[PDB]
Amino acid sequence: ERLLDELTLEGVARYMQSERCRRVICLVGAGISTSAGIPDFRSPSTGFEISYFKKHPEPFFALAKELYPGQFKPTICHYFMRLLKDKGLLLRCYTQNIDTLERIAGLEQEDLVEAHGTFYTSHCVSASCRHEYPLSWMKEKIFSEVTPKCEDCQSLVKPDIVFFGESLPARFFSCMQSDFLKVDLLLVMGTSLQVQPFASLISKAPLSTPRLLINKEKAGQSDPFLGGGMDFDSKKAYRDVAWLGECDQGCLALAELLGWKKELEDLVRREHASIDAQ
C-alpha cells in the first residue's frame, strides 16, 4: 500500500485534497524562471570563484551587468507556490535560484531557503563590518559600472549568492534537518537535480512521502553507472510521479485538478498587471 491511489498528476491532486496532505515542500531550480525570461546560466543554449572575485571583482560585475534581467515578473509556477502558501499548505520552498522571483511572488523569508543565496541583499566582505545593502543599491553600482564598495569601510561588497569556494548557507542545513521530519509531499519543479548538496534533498523525504517531479525531462533516478533515487517506472514504483513539460504548464494542469485554476489566473494577471505598470 501507498499514499497515492495512482501514480499520476490526478492521483497527486486527490492526495493533496485528502486529510493526509498537510505540508508541502517545493524544491525548485532554473526551470521555473525560464518562462520569466531568465535563462539558466548552466544550460549550454544559454551563453564563479570567491577567491578570484575578491582580488578581481570587475569581471563578475561586468558579467552581472550583461545578465541583469530586463524585468522581474514571476511565473505561473511562482504564483502557484504563493497559492500553496495562501491555502496553508506550504511548509517550505527550497530554491536553487538567485533571481528573487520567489519573494516578488509573495513568498516570505520564513517560507524560503535560498540554497544558493540570492541577489536580494549584498554584504560588505570585511568580517568586522559586514554592512548590508539592498538590490536597488547593488543594481545602481552594476549599471553605473562602479565596482561596489562599502560606504563604511571601502571594502568590496558582494551579492549574497553562493560563489564556488563558499559553503551553502547555514540555514539550508538547519531547515533541512527539521522540515523533512514534517513533510507530506515533495513538489520538485524545474530542476535536473544535477547540483549538490541540493539534489540530496530528495533522499531526505520519509519513505512514504510522495514526490512529484514537474520538469522538461525525467530527473532524479539512480545512476546506473554509480548508484536510492526517484523510481517512476519500475514495478516497485509506489510514490514518485513525473509530469514532463514546461513548469507553468504542469502547475496549471495541477491547479486545474485542484479547482484552483481561476484563483491562479486571477492572482497571476493581477500581479503581472502590477509589475507591468512599473
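Whichever C-alpha set is largest while still superposing within 1.5 Å between the two forms counts as the rigid core. The first residue of the shown sequence is 1; numbering continues from there.
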Using the rigid core for superposition, please say which stretch has the greater CA deviation in 9 other deposited structures of this protein, 172 to 180 or 141 to 149. 141 to 149
Kindly name the stretch, out of 269 to 277 and 3 to 11, whose CA atoms are displaced more from this form in 9 other deposited structures of this protein after the core superposition? 269 to 277
What about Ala253, left without coordinates in a third or more of the other entries of this protein that model its neighbours? no
Across other compared entries, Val241 missing in at least a third: no
According to the PDB record, deposited residues with no modelled atoms between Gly47 and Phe48 number 10 or more
Gap size between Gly228 and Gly227, counted in deposited residues that the entry leaves unmodelled: 4 to 9
Should the higher mean CA B-factor in the entry be assigned to 5 to 13 or to 21 to 29? 5 to 13
Should the higher mean CA B-factor in the entry be assigned to 232 to 240 or to 53 to 61? 53 to 61
Say you rank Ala219, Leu212, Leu67, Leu252 by Cα B-factor from the PDB entry; which sits at the top? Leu67
Looking only at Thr118, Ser203, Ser144, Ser178, the Cα with the top B-factor belongs to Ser144
Mind checking which third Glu108 falls in for C-alpha B-factor across the chain? middle
Relative C-alpha B-factor of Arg92, binned into the chain's lowest, middle or highest third: lowest
Lowest, middle or highest third of the chain for the C-alpha temperature factor of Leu185? lowest
Based on the entry's values, in what third of the chain does the Cα temperature factor of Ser167 lie: lowest, middle or highest? highest
Give the position of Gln194 by CA B-factor within its chain, expressed as the lowest, middle or highest third. highest
